[PDB]
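Structure, as structure tokens:
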Amino acid sequence: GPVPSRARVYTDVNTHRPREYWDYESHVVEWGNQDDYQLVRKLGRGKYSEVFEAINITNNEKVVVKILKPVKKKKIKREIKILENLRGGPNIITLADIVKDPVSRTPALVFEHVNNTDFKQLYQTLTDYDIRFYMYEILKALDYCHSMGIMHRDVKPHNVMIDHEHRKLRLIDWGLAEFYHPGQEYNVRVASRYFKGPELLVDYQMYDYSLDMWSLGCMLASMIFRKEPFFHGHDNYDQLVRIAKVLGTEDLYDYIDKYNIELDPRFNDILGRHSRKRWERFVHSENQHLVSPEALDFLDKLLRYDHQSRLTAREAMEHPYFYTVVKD
Ligand SMILES: COc1cc2c(cc1O)cc1c3c(cc(O)c(OC)c32)CCN1C
């Protein structure tokens with residue numbers, strides 16, 4: 001069978017936390033007053049939720065309300081517990097309240113308001129400096145939640161809210177997030193297609209925080225090369241083929257051989273043989289102002305097949321790519 005794997009950092013954070021910290025099934029929800037919040041505008045739908053802009057009439061402040069679709073009590077408590085555990089951390093969206101919505105009869109999560117502008121137009125304007133700045137801010141959020149024993153598992157542009165006016169960033173939608181426990185096998189059906197790590201795509205279940213670093217790498221590639229999304233697969237099989245056309249098939253085989261993983265034989269007719277490519281081939285006159293040797297080296301160290309070989313969030317913050325970013 002497949003070889004087991006462990007996170008190289010924060011391996012035992014939940015082992016030494018009190019049980020109450022990660023045992024979210026036993027969490028008791030403390031309910032606020034639903035009448036404090038009046039819905040103003042619907043912002044959108046998740047697969048598991050409807051999201052609204054609202055006003056907190058106890059202070060006339062804007063908030064965001066996420067009314068959960070009826071999903072398993074356990075998944076609901078998981079997101080709630082994780083949000084409470086991470087509350088106050090760097091660039092973590094703040095859960096301000098939880099109320100019972102009278103119409104859905106489900107929990108409605110109340111968050112701090114974030115004044116974003118849609119990433120597709122935002123990514124279209126970001127400068128080299130902006131990219132490095134906001135990448136560093138995401139890394140603060142990721143190192144924090146990883147250090148707190150939680151993997152996000154759905155890192156993507158849509159879940160990184162940016163108030164560009166106040167240079168403010170928040171990592172949102174912790175509905176797929178999980179507690180990391182050494183040796184635990186996890187559902188590989190997480191993250192959005194373009195951001196799925198190789199471990200998911202080859203059906204390796206014993207993954208860890210490093211999944212988020214692959215996803216972050218996919219974001220970075222899309223930003224510095226101005227190509228959305230970078231790995232544009234038409235399904236989960238083609239997604240791996242797209243990755244292999246850049247990282248090469250020999251290192252893919254080295255990866256799965258290391259963990260004694262067998263590739264799904266569906267790949268026999270579609271994977272082919274591909275050399276590893278140098279990142280310079282994706283540079284052109286319309287993105288070169290966003291590219292530097294530091295950017296390419298940083299990207300190269302995020303986008304590794306082997307989840308154990310990727311930069312940790314902390315290591316990433318040490319990278320020369322961020323030397324030019326003003327620290328606080
Ligand atoms: C914090 O301010 C906002 C949050 C969200 C949003 C728009 C916002 O302005 C739009 C999303 C959304 C989702 C899940 C989630 O956990 C969110 O944070 C509460 C949001 C899923 C989809 N819909 C559309």
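We count residues from 1, following the sequence as given.
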Salt bridge [X]-[Y], side-chain N to carboxylate O under 4.0 Å:
X: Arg8; Y: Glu315; result: yes
X: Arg273; Y: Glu250; result: no
X: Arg105; Y: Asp101; result: no
X: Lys258; Y: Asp254; result: no
X: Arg310; Y: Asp212; result: no
X: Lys81; Y: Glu25; result: no

### Message
Are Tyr259 and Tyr204 an aromatic pair, judged by ring center distance below 6.0 Å?
### Response
yes

### Query
Between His164 and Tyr134, does the ring centroid distance fall short of 6.0 Å?
yes

### Message
Out of the candidates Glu112, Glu79, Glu50, only one should pair with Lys66 under the salt bridge (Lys or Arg N to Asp or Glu O under 4.0 Å) rule; please name it.
### Response
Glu79

For the residue pair [X] and [Y], what are the closest heavy atoms and their distance?
X: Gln239; Y: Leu201; result: CG-CD1, 3.9 Å
X: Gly32; Y: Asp97; result: CA-OD1, 3.5 Å
X: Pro157; Y: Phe195; result: CD-CZ, 3.3 Å
X: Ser222; Y: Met219; result: OG-O, 2.5 Å

### Task
Check step by step if side-chain contact (heavy atoms from CB on, under 4.5 Å) holds for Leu122 and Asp118.
CA-CA 6 Å; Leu122 187 59; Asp118 178 63; over 6 Å; no

### Query
Taking side chain as C-beta onward, heavy atoms only, is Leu139 less than 4.5 Å from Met213?
yes

Classify the angle between the aromatic ring planes of [X] and [Y] as parallel (below 30°), tilted (30 to 60°) or perpendicular (above 60°).
X: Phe267; Y: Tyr237; value: perpendicular
X: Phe231; Y: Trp214; value: parallel
X: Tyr21; Y: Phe179; value: perpendicular
X: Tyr209; Y: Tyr180; value: tilted

### Name of the residue among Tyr321, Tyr323, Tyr136 meeting ring pair (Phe, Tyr, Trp, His ring centres under 6.0 Å) with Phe298
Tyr321

State whether the number of non-hydrogen atoms from other residues, nucleotides or ligands found under 6.0 Å of [X] atom [atom1] is greater than 12.
X: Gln38; atom1: CD; value: no
X: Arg278; atom1: CZ; value: no
X: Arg6; atom1: CZ; value: yes

### Query
Hey, what do you get for NZ (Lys62) to NE2 (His113), rounding to the nearest 0.5 Å?
5.0 Å

### Query
Under 3.5 Å, side chain of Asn159 to main-chain N/O of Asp154, donor-acceptor pair present?
yes

### Query
Any donor-acceptor pair under 3.5 Å linking the side chain of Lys196 with the backbone of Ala191?
yes

### Message
Less than 6.0 angstrom from the centroid, inside 45 degrees of the normal: does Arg167 satisfy that with respect to the ring of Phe133?
### Response
yes

### Query
Checking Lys277 against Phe282: charged group under 6.0 Å from the ring centre and within 45 degrees of the axis?
no

### Derivation of the side chain to side chain donor-acceptor pair (under 3.5 Å) call for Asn115 and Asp163
CA-CA 5 Å; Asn115 214 291; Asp163 188 335; 5.2 Å; no

